[PDB]
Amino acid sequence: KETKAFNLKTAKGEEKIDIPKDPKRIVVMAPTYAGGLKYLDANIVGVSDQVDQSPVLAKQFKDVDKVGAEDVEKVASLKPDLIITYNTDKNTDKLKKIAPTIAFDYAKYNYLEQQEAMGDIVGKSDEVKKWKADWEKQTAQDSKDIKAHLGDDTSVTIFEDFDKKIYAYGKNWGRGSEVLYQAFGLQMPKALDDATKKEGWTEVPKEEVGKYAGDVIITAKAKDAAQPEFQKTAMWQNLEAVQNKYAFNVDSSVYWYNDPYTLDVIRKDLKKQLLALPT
């Protein structure tokens, strides 16, 4: 079948990967890219079973075969003509034997560039252009509405409570970061910027939560989890955001991703909760 070169951004620059001109049987092992390809009605025949842990993505993949993270034999059984994964995938060499494989270095694409790459893969760059323009126009208005309510210089911090540890995020690591820092243009506290610049995110020792706190503090957590321990302390209660009642929780399983489906949901939810402040 006809091929085309997909130009993958990597540490080494650009890596040309020959893929089908029109991919007919895509297996998406990296859930980051699943929503975006689905949004573009890509020919997906297998998807990481991780999508089922997001309420947003689960409803979009009900009739697609689910694949275990290391189940190479499942991937092979689906007879893919294209495989999408992360460069962290231990099995990349095995996957390349099955089909053309794009193992994304996630951090090389911001969330809009990422969806543009999905458009390039499936030959729907026009659709992405329209989606992008609509997204920028909507979130530009959202930004004005939110900054008018809270203040133009409003900063925000995203914590995630996960497996009894605390994480904080840079501007493009999901958990609402793309919407908050890029689309809405809210500020990131300097200390948090510095702590997340190199890797895009960081674990936060529990004693250091206050060092990274901004005007607004958003905690991503599981709906079925009890209150995080770090929200109980005197340190927490004395944060200006917490005193101003500018602190709220969001559903981490909804907020993990940065695909167009997740983006629509989190844009709406974040705008609602920000405009409802103070709590």
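So that there is no doubt, residue numbering starts at 1 and follows the sequence shown.
**Q** Tell me which of 220-228 and 38-46 has the higher mean C-alpha B-factor in the deposited entry.
**A** Of 38-46 and 220-228, the stretch with the higher C-alpha B-factor average is 220-228.
**Q** Between 251-259 and 11-19, which has the higher average C-alpha B-factor in the PDB entry?
**A** Mean CA B-factor is higher for 11-19.
**Q** By the entry's C-alpha temperature factors, tell me which of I84, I98, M118, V179 sits highest.
**A** Checking the PDB record, the top C-alpha B-factor among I84, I98, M118, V179 is at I98.
**Q** Out of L57, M29, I26, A234, whose C-alpha atom has the biggest B factor in the entry?
**A** Highest C-alpha B-factor among the listed residues goes to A234.
**Q** Please say which third, lowest, middle or highest, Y33 falls into when its CA temperature factor is compared across its chain.
**A** Tercile = lowest for this residue's CA B-factor.
**Q** Using the B-factor values recorded in the entry, state whether the Cα atom of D163 falls in the lowest, middle or highest third among the modelled residues of its chain.
**A** For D163, the deposited C-alpha B-factor lands in the highest third.
**Q** Among the modelled residues of this chain, does the Cα B factor of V51 put it in the lowest, middle or highest third?
**A** Within its chain, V51 is a lowest-third residue by C-alpha B-factor, going by the deposited values.
**Q** Report the third (lowest, middle or highest) to which the CA temperature factor of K90 belongs, ranking only the modelled residues of the same chain.
**A** Ranked within chain, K90 CA B lands in the highest tercile.
**Q** For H149, does the deposited CA B-factor place it in the lowest, middle or highest third of the chain?
**A** Highest third.
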